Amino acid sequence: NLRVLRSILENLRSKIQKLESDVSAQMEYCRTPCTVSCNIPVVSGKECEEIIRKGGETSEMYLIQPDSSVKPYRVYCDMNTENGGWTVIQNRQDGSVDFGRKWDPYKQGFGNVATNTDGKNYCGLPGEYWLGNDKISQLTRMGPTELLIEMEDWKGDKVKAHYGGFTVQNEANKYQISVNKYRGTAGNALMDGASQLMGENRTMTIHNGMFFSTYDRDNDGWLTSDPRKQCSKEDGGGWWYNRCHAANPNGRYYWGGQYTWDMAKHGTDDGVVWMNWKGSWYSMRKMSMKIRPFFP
């Protein structure tokens, strides 16, 4: 009578088979790569705010040269939101890109900056990408820079976290972050940690002041010996983890939103999280970070 097991295991054995088949098909498709054709805008400048001053009114891929030392590089500029001039630094919206990478890729920048708009001969749609801590550092040290973080849940509600001051130190200082001057509606995860937590439980979730960590480079605020126990594999991305997070924009992209300890690879809240808005087991549909020069 309690042979409703087989029921089970038959499954498991069947399940496996279907998994293998899908893995198999994805492998065949990976024999050929995706391609894009991003014709470059004539107008260029040191960052997206100079480009909108120079007449580039449309949101699309641009080349910027924040500095003559450096070679011009590609970026998505958002010219619509809040009066435009925002340089996209990070963007999540469809799961297309793996963010679980090591230090080097986080240093260099990874992903697709932009992709072709249905008809058109320019890439007017951002892809999922990480600009690269070196680039992020240099852009934030040019002068006062604000930070806009926008997110959207799987039902279309959307919130924003605006940071009047944002800086990222250089590699030697392990990309230490600094943010201040908050306003918005997601809550202030970066400066106050998780509104759900109490006492020191909350302060260990603050990001302001942290260094960047990757699964191959522990700089987190969790002082401990078990190598397995590092905020960064137990959380997926490259981030300014503390012990460990209130927000994890670079986490894994769970389809649908709601996830669980038993879906997470190692059992923690490793999704695209912003605990102050939807707590830990909710992975956002969209998430992005944009920056823009500030004033004086």
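In this text, the rigid core denotes the largest set of C-alpha atoms whose superposition between the two forms falls within 1.5 Å. Start at 1 with the first residue shown and count on from there.
Between 258-266 and 225-233, the larger mean CA deviation from the shown form in 7 other deposited structures of this protein, after core superposition, belongs to 225-233. Root mean square Cα distance to the shown form, taken over structures and residues in 7 other deposited structures of this protein after a core fit, is higher for 115-123 when 115-123 and 172-180 are compared. Mean CA B-factor, 115-123 versus 201-209: the higher value falls on 115-123. Of the two segments, 258-266 and 38-46, the one listed with the higher mean B-factor is 258-266 (C-alpha atoms only). In the deposited coordinates, the residue among 172, 168, 75, 97 with the greatest CA B-factor is 172. Among the modelled residues of its chain, residue 70 has a C-alpha B-factor that falls in the highest third, as given in the PDB entry. Annotation for residue 186: C-alpha temperature factor in the middle third relative to the rest of the modelled chain, per the entry.
Remark: residue 14 belongs to the highest third of its chain, ranked by C-alpha B-factor as recorded. When the CA B factors of the chain's modelled residues are split into thirds, the value for residue 246 lands in the lowest one. Ranked by Cα temperature factor within the chain, residue 131 sits in the lowest third according to the deposited record.
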